[PDB]
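What follows is calculated from the coordinates using simple rules that are stated; it is not laboratory data. Ideal geometry is used to build each Cβ from the backbone, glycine not excepted, and the neighbour counts take in all protein chains shown.
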Amino acid sequence: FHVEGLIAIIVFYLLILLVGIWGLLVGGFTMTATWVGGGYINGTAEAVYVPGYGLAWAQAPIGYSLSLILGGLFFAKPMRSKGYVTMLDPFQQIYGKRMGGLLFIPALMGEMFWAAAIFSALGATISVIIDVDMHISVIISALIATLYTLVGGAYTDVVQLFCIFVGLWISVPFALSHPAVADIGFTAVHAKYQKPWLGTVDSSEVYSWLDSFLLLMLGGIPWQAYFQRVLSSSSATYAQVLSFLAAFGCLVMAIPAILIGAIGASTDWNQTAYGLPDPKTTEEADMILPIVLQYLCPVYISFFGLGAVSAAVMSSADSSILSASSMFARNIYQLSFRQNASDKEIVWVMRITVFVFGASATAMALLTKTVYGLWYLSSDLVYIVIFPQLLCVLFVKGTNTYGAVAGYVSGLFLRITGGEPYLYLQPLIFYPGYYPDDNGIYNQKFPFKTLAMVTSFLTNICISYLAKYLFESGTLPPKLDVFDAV
Ligand SMILES: *[C@@H]1O[C@H](CO)[C@@H](O[C@@H]2O[C@H](CO)[C@@H](O[C@@H]3O[C@H](CO)[C@@H](O)[C@H](O)[C@@H]3O)[C@H](O)[C@H]2NC(C)=O)[C@H](O)[C@H]1NC(C)=O
């Protein structure tokens, strides 16, 4: 029942690894393999299931699959025109050496959120497999992943995705025919057991929905992996064709997950073995994919499907943790901090970084209780700190290092003053339209995120141009300036 569950996890992890010891569509399918991880498939299964959200509020699968599109036509071509090897390069030359390090901290935080999401998904899967508590399972998974990252001493992304694709598409047909599950064509409009899974956006929340969509479709462009892969390709048309293939792949991958949420929503949980309380009354509603894959499906198929899905995700953490640790070692720390790989220095620092990243990721995975919340917050700080300047480096002329600090502080001021519902923080500026959610944390209905980004943008050029006239004639001697961008 339970102890055989470990064999299911172990037997697949080897195959995904031994085969890792061993025409252009492979590029598209390995670009699709960065975004479709352990959050997509589990968060967009949450968004449909939770009452009061529905499909209309599951804006992330559409958001990222459109960010991959808007990247190719507009950002891919003009980056290659000046030969930037990576996203770090444009910040270094025109904003100086050190500002590049300080402009990558929000990216590190975003990667920390993303890493926490995978730990959260893995914990739930292991918990349903062997009936252990969440509080222990996520810790165990974090320990295993962090240890294997450094004690471990080739197409690994292709294999992991071709296991998820088969695993989900083999169980969903069988669950949909279960006696408990009813017609899915009627519970999308007339609420047989719970509110219809096809969501709604009222006249009040239009601005909030548009603001979230802009945040979540314009905050995926400046990520590191996409711009690393696009820049490497030899042909410019090759890059955009790969981008469109990746968008298509994500859209096709987003179909099995939606059906799982609908199956979970349209079910009579009093007839199956989950008891009278629904997964919503008991605050266990992120487990919707594992729950429907285990209880509704028969014995043999669940043993294949759940094991394959878990083992596919297990190989995602090793890439992300190591990439973020190397990121911290080289871009945030080493720049202008002269050290070499000696006894007490950078490689020891990178060894230590892995432990801190794992501990922070699991600590935040334990505190927050929603995967979709983490996979939403992973695209906020980047959206409001990096993209506003990434626009000005590429197209705007005359941006100086002076302008960067003003926008940096101005956007963060409005963002942290606004407050967050997911992470418990109470607003301080109290934008009009605020209403209480749960008698506790207040929630605002004003596009303060987009307002903050736009304000950062319009101060970046303004103060930067002010400095240029400030350092020429009539107002200020040139000598007394901390930096010299003139
Ligand atoms: C799903 O829920 C239904 C109803 O909530 C459960 O069915 C009911 O189970 C009770 C338990 O013995 C049956 O006994 C009845 O109890 C009431 C209590 O007042 C009594 O007044 C009746 O004379 C009778 O003894 C009841 O007949 C039964 N009702 C139906 C329509 O089946 C059911 O057990 C739950 N679980 C499932 C279906 O897996």
* Does region 63-119 come out rounded, prolate or oblate by the C-alpha gyration tensor, with a ≥ b ≥ c the root eigenvalues, rounded set by a/c under 1.5 and, if not, prolate when a/b is larger than b/c and oblate if not? -> oblate
* Asked: Each residue of region 96-102 in order: what ³J(HN,Hα) in whole Hz does its phi give by Karplus 6.51 cos²θ - 1.76 cosθ + 1.60, θ = phi - 60°, with x for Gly and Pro?
  -> x, 6, 6, 4, x, x, 6
* Would you list 338, 351, 330 from fewest to most Cβ contacts within 10 Å? -> 338, 351, 330
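Per-residue ellipticity at 222 nm for the chain, helices alone: DSSP H runs ≥ 4 residues times -39500 (n - 2.57), over residue total, nearest 500 deg cm²/dmol? Show your work: numbers first, answer last.
Values: 22 runs with 298 residues, N = 486.
Value at 222 nm, helices only: -19500 deg cm²/dmol.
Beyond a 25 Å Cα-Cα separation, which of these cross-linked pairs lie in this structure: 195/449; 280/449; 77/397; 77/468?
In this structure, 195/449; 280/449; 77/468 exceed 25 Å between Cα atoms.
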* Under the Karplus relation 6.51 cos²θ - 1.76 cosθ + 1.60, θ = phi - 60°, what is the ordered set of whole-Hz ³J(HN,Hα) values for region 216-229, x standing for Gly and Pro? -> 8, 10, 9, x, x, 4, x, 5, 6, 5, 4, 6, 5, 6
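Taking the beta-carbon count within 10 Å as an exposure proxy, list 157, 484 from fewest neighbours to most. Provide the component values of the computation, followed by the final result.
Numbers: 157 20, 484 11.
Lowest to highest Cβ neighbour count: 484, 157.
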* Structure fact -> In debye to the nearest 20, the charge dipole size for the chain, taken about the Cα centre with +1 at each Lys and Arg Cβ and -1 at each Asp and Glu Cβ, equals 1560
* Asked: Which of the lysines could a cross-linker bridge to residue 344, judged by Cα under 30 Å and excluding same-chain residues fewer than eight apart?
  -> 97
* Among rounded, prolate and oblate, which fits region 320-391 when a ≥ b ≥ c are the square roots of the eigenvalues of its C-alpha gyration tensor, a/c under 1.5 means rounded, and a/b larger than b/c means prolate? -> oblate
* Specify whether the C-alpha gyration tensor of region 1-86 places it in the rounded, prolate or oblate class, a ≥ b ≥ c being the square roots of the eigenvalues: rounded for a/c under 1.5, otherwise prolate if a/b is larger than b/c and oblate if not. => oblate
* To do: Going by C-beta contacts inside 10 Å, put 415, 80 in order with the fewest on the left.
  => 80, 415
* **Cα centroid separation, region 269-336 to region 349-413 (Å)** => 24
* **Per-residue HN-Hα couplings for region 415-422 [Karplus 6.51, -1.76, 1.60; θ = phi - 60°; Hz; x = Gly/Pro]** => 5, 6, 6, x, x, 10, x, 5
